[PDB]
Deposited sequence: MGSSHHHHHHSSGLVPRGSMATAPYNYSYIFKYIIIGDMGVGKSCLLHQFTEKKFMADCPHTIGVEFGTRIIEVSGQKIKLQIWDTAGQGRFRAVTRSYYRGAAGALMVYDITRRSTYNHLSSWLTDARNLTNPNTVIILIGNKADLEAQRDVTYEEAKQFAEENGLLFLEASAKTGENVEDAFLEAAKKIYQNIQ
C-alpha cells in the first residue's frame, strides 16, 4: 500500500500490562513461550489518507525514535493498581523523552478480566482529562477497542 505519512508510536507501561499483545493484536489482528512482539508496522487509513504506523515496545537510535514519536500509548493493567500508580512516572518519560507534538493516549488494558478489576474507569478518566490524554479501556486478548486505541491517536496526530 502507498502511504503518504509515517507515524512512529512508542508503547510504554509496566511489565506484563499487555504492550506486546496490544502491538500484535493491532498488527496481525489475531504462544505463551514467546518473549512477545517488540516492534510492528501497519498501513492504516485516516481522513482519506494512507499512513504507515511504526509501533515499538521500547522496554542512540532509540533516543532518535523517541524524539520523532508522533504518538505514545501509555498502558496499564486494570486488574493491577500498581501499574496505574506508575502512570505519572511513565507520563514524565513519555513527555520528557519525545517531542512537543507527541499525542499521548492512555490505555487501560485487560478489560476482559472484568471480575478482576482493580482500577475504576472513572479515576483513570480523571487522570487522562487532567493531563490532556486520550483514554480507552481495551483488551489485547479479545481485540475490544484495540484499533480505536491506535486509530484515535492517529486522527489526533493528523490534525497537526
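Stretches of the deposited sequence lacking C-alpha coordinates, numbered from 1: 1-24, 55-58, 88-93, 195-196.
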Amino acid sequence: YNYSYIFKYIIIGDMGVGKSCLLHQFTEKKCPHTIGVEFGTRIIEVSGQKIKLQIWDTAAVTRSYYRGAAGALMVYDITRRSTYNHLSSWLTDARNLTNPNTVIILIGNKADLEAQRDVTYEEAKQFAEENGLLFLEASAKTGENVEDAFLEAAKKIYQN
From here on, numbers count along this sequence of modelled residues.
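Judged by mean Cα B factor in the deposited record, 148-156 ranks above the other of 148-156 and 11-19. When the C-alpha B-factors of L133, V61, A69, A124 are read from the PDB record, the largest value belongs to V61.
Per the PDB entry, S47 shows the highest C-alpha temperature factor of the residues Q54, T102, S47, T120. Sorting the modelled residues of the chain by their CA temperature factor places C31 in the highest third. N96: CA B factor in the highest third of modelled residues in this chain (values from the PDB entry). The deposited CA B-factor of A128 belongs to the middle third of values across its chain. When all modelled residues of the chain are sorted by CA temperature factor, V37 is found within the highest third.
Compared with the other modelled residues of the chain, the Cα B-factor recorded for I107 ranks in the lowest third.
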